Amino acid sequence: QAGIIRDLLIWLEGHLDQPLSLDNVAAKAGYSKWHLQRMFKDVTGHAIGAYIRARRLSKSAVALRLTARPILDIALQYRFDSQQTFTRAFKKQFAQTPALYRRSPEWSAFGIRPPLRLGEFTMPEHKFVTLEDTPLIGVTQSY
DNA sequence: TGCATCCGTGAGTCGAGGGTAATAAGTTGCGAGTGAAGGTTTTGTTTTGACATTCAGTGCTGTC
């Protein structure tokens with residue numbers, strides 16, 4: 001029912017990292033590999049399988065732009081199979097070399113796909129301002 | 001048959017504090033060896049045909 005898929009993503013957003021998962025591992029959620037896939041297609045508007053590894057790449061794209069690791073820390077970190085295939089699907093998502101992607105300081109959100117909620121989404125508000133050069137005092141350290 | 005001379009020997013385990021200081025000619029010629037780093041060469045990270053699967057995709061197919 002509608003209470004299932006919402007609870008599956010509470011697993012899945014927390015288990016987008018730890019299990020090396022395809023839909024066979026996702027088939028342990030009450031029904032078969034196809035029926036859990038059939039139950040997702042209409043209650044969401046997204047198609048689960050190519051989305052998740054792309055969402056796990058979208059989890060890896062912010063890891064490719066704001067985390068301090070090289071290509072092979074994050075080659076198979078997000079449960080992938082190869083690096084050149086990971087480089088390949090990246091071209092169909094961001095149209096940029098990952099060496100070129102962390103070359104430019106500008107980070108545009110083209111291929112990052114948002115995390116899905118079947119329940120109610122807490123929408124933040126926006127207001128566009130233009131700020132001023134203000135002196136302060138503080139120290140720096142890294143992570 | 002003595003008489004001189006010339007080498008070669010002399011506690012054990014500790015200890016402290018710490019290596020110091022003369023004087024002197026130059027111009028001129030001129031090859032050889034850090035050196036500016038100029039610049040290539042490699043020895044590795046990235047594009048593109050593939051097509052062989054694979055699971056993802058969507059729906060039907062059959063079922064409690």
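As a starting point, this report considers the structure included with it.

Rules used in this analysis
- Residues numbered from 1 in each chain as written, not as in the entry; some residues may be left out.
- Chains lettered and ligands numbered in written order.
- Part of a larger assembly, values for the part shown.
- Heavy atoms only, no water.
- Near = heavy atom within 4 Å.
- Polar contact = N/O pair within 3.5 Å; in protein donor to acceptor, adjacent residues only side chain to side chain.
- Helix = DSSP H or I, 4+ residues; strand = E, 2+ residues; numbered from the N terminus.
- Nonpolar A, V, L, I, M, F, W, Y, C, P; charged D, E, K, R; others polar.
- Buried < 20%, exposed > 50% of the residue type's maximum accessible area, 1.4 Å probe, protein only.
- 1 Å grid on protein atoms, 1.4 Å probe; cavity = no way out; pocket = protein on both sides within 12 Å on 5 of 7 lines; lining within 4 Å.
- Points joined across faces, edges and corners; volume = space filled by probe spheres on them.
- Expected span 1.5 Å × (residues − 1).
- Contact = heavy atoms within 4.5 Å.

## Overview of the protein's contact with DNA strand B
1) Next: Around DNA strand B there are 18 residues in total, and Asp23, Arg38, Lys41, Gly49 and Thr97 lie nearest to it.
2) Next: When the atoms of DNA strand B within 4 Å of the protein are grouped by moiety, sugar and phosphate amount to 78% of the total.
3) Next: Interatomic distance of 2.7 Å between a side-chain N/O atom of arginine 38 and a base oxygen of DNA strand B.
4) Next: For DNA strand B, a phosphate oxygen lies 3.0 Å from a polar atom in the backbone of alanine 47.
5) Next: Where the surface near DNA strand B is concerned, the elements lending two or more residues are α2 (33–44), α3 (48–66) and α4 (84–94).
6) Next: Examining the composition of the surface near DNA strand B, we find that five residues originate from one element, α2, more than from any other.
7) Next: Of the residues in the surface near DNA strand B, the class split is seven nonpolar, six polar and five charged.

## Some remarks on unusual backbone geometry
1) Next: In this model, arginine 79 sits at a positive phi of 60°, which is unusual for a non-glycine residue.
2) Next: With respect to the helices and strands, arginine 79 occurs in the loop between α3 and α4.
3) Next: Positive phi outside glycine occurs at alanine 95, with the angle close to 55°.
4) Next: Here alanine 95 shows up in the loop between α4 and α5 (98–101).
5) Next: Since its relative accessible area comes to 64%, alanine 95 is described here as exposed.

## Brief notes about the layout of surface pockets
1) Next: A volume near 770 Å³ is recorded for the largest pocket.
2) Next: Contributing to the lining of the largest pocket are 33 residues, with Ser21, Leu22, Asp23, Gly49 and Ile52 lying nearest its centre.
3) Next: Of all the elements in the fold, those that place two or more residues in the lining of the largest pocket are α1 (2–14), α2, α3 and α4.
4) Next: Looking at which element gives the most residues to the lining of the largest pocket, the answer is α3, with six residues.

## Section: α2
1) Next: With twelve residues, α2 extends 17 Å between its outermost C-alpha atoms, agreeing within 8% with the 16 Å of an ideal straight helix rising 1.5 Å per residue.
2) Next: Those residues of α2 that are buried are in contact with α1 and α3.
3) Next: Residue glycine 45 follows α2 closely and has a positive phi angle near 95°.

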